[PDB]
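Encoded as structure tokens, the structure appears first; notes follow it.
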Ligand SMILES: *[C@@H]1O[C@H](CO)[C@@H](O)[C@H](O)[C@H]1NC(C)=O
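Residue numbers (the entry's author numbering), protein chains in the order written: chain F, 1 to 438; chain N, 1 to 49.
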């Protein structure tokens, strides 16, 4: 048999649901979402890091002329200078008064340590959600893991189960993301092929060890002004360090709904938002015929005490009269309250206590014991402790916080002035015929 | 759990009170004032004889 149900997408909060079939006792269905896994699609854009300026030994032509030549190295900057007079520890290296000329070229390359300090800029899209479910029926447990899409049933014991699609899509990831040393940042990294000195992504490479690099970082050579040989270079500060200084907080301290984010797939995990519609198919053999199910008679409630607490602190008692020994299932059909146990032993005239949680002070609802029902009600109070860190609001509030006494107060407050105007019009027409008498 | 009371300051008169918590059976609580003790602060002015 196939049964459909909507469950909140949140870990550690089981959901109880029943299946009704003629001739078969109701079967408890417990559904738990063990862990969420939001894994989006990503395409590496480029990788950047701190760079390092190669300053190769300047070329010098003694007493002759020379010309600059371009090269394919990244940020290559070449410039000639005439009138130079190179000097070294050995003294003069060229000998001609101002005829000699020196050519200086510089370029940039990623520093070796980058091999571990690299930062990769990624583009994200088409977030996909994966849910792991545990289903309990007839004190039998089964596991599965399925994509949220409602067209790819999972495989578990050759059982097909379908989930989703999500009610409202949620994704903490933004179109442009940055990764470095296990940390993820939100940032609009410049597109590959576009560079801006003194900012993130001033050195860009397709791969960490790509021989081909493209990058401009505003290197301008200077005319030598010292006796000995020396090539003076001036350039802007590396952009990667500047981003590092003010990069801001990572995404672990900004993701809503407490998504725990792992880098290597770059996926969020174990966060809650939305409702999952799921259709579960149970084998028929799992069902038990009502003939062998225990028969109960003369059931009733007694609310020993109930506390309108966030945690599961409400108590209840049920009194039953039966004839056969066995186990029968129990449940609360009112969404505002959820029980704790699903099945209980049944005796000839036994009574059993149960634990339940509610999201309203007026705890009034219908509780099904085995195949029978019993309506019953009581009043709960707010708790002394108002902050706790355990599963809360097993059912969301449904504007049911209004108490029965408050309902009665509001009902009695309102009066029928409309009836009074109607009576006024009626007596007015009566007076009208009276005037017709006069 | 914290629970407050007002008791008569007098020895040999036990006071019985309860604590109410949902899901917990009521717990008796007996308070007895074994002996009072009032000590004032003093200074020695002088002595005579
Ligand atoms: C499950 O419940 C049925 C009904 O009482 C019982 O016969 C069966 O032994 C239970 N199975 C386990 C593993 O407890």
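Don't be surprised by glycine CBs; every beta carbon is placed ideally from N, CA and C.
CB contact below 9 angstroms: residue 23(N) versus chain F: yes
For residue 399(F), the three-state DSSP class (helix, strand or coil): coil
One or two residues paired with residue 328(F) in a DSSP bridge: 344(F)
Coil, strand or helix - residue 240(F) by DSSP: Looking at residue 240(F) - three-state DSSP - the assignment turns out to be helix.
First and last residue of the uninterrupted beta strand (DSSP E) at residue 281(F): 275–281
Where residue 46(N) falls, given that 16 or more other Cβ within 10 Å makes a residue buried: Exposed is the label assigned to residue 46(N), since fewer than 16 other Cβ atoms lie within 10 Å of its Cβ.
Minimum Cβ-Cβ distance from residue 381(F) to chain N less than 9 angstroms: yes
Residue 237(F) classed as buried or exposed, judged by whether at least 16 other C-beta atoms fall within 10 angstroms: Residue 237(F) is exposed by the Cβ-count criterion.
Straight-line gap, residue 207(F) to residue 16(F) (C-alpha atoms, nearest Å): 51 angstroms
Within-9 angstroms CB hit, residue 313(F) to chain N: Chain N, which has a Cβ nearer than 9 angstroms to the Cβ of residue 313(F), makes this yes.
Under 8 angstroms (Cβ pairs) to chain N, residues found in the segment 287–310 of chain F: Against chain N - using a Cβ distance shorter than 8 angstroms - the residues of the segment 287–310 of chain F are 305, 306, 307, 309.
Residues proximal to ligand 1 by C-beta, any heavy atom closer than 5 angstroms: 139(F), 327(F)
Boundaries of the beta strand (DSSP E) in which residue 418(F) is found, first to last residue: Boundaries for residue 418(F): no beta strand (DSSP E) harbours it, while the alpha helix (DSSP H) harbouring it runs 417–437, taken from the DSSP string.
The alpha helix (DSSP H) enclosing residue 349(F), as first and last residue numbers: Per DSSP, residue 349(F) belongs to no alpha helix (DSSP H) and is neither H nor E.
For residue 314(F) and residue 363(F), believed in contact at Cβ under 8 angstroms, the rounded distance: 7 angstroms
Rounded Cβ spacing between residue 6(F) and residue 250(F) (contact assumed at less than 8 angstroms): Contact doesn't hold; Cβ gap of about 34 angstroms is too wide.
Assigned secondary structure, residue 256(F) (DSSP; H/G/I helix, E/B strand, else coil): Note: residue 256(F) maps to helix in three-state DSSP.
Supposed close pair residue 223(F), residue 81(F) - CB separation, criterion 8 angstroms: 6 angstroms
Top-ranked residue by Cα proximity to residue 331(F), from 372(F), 58(F), 437(F): 372(F)
Which listed residue (234(F), 273(F), 360(F)) has its alpha carbon closest to that of residue 307(F): Just measuring C-alpha positions, the residue of 234(F), 273(F), 360(F) sitting nearest residue 307(F) is 360(F).
Whole-Å CB distance - residue 197(F) paired with residue 174(F), under 8 angstroms assumed: Not confirmed; about 25 angstroms, so no contact.
Complete beta strand (DSSP E) runs within the segment 89–177 of chain F (minimum length 3 residues, chain order): With a minimum length of 3 residues, the continuous beta strand (DSSP E) runs that stay inside the segment 89–177 of chain F are 101–110, 119–137, 140–147.
Segment limits, beta strand (DSSP E) that includes residue 316(F): 314–322
Any C-beta of chain N under 9 angstroms from that of residue 384(F): It does; some Cβ of chain N falls within 9 angstroms.
Buried versus exposed call for residue 24(N) [16 or more other C-beta atoms within 10 Å across all chains shown]: Sixteen is the threshold: since fewer than 16 other Cβ atoms of the shown chains lie within 10 Å of the Cβ of residue 24(N), the residue is exposed.
Buried or exposed by the 16-neighbour rule on C-beta atoms within 10 Å, applied to residue 397(F): exposed
Which listed residue (402(F), 268(F), 180(F)) has its alpha carbon closest to that of residue 128(F): 268(F)
Segment contact flag, the segment 63–83 of chain F with the segment 172–189 of chain F, C-beta cutoff 8 angstroms, min 3 pairs: no
Exposure label - residue 346(F); buried when at least 16 CB within 10 Å: buried
Nearest-angstrom Cβ-Cβ length linking residue 319(F) and residue 299(F), presumed shorter than 8 angstroms: 7 angstroms
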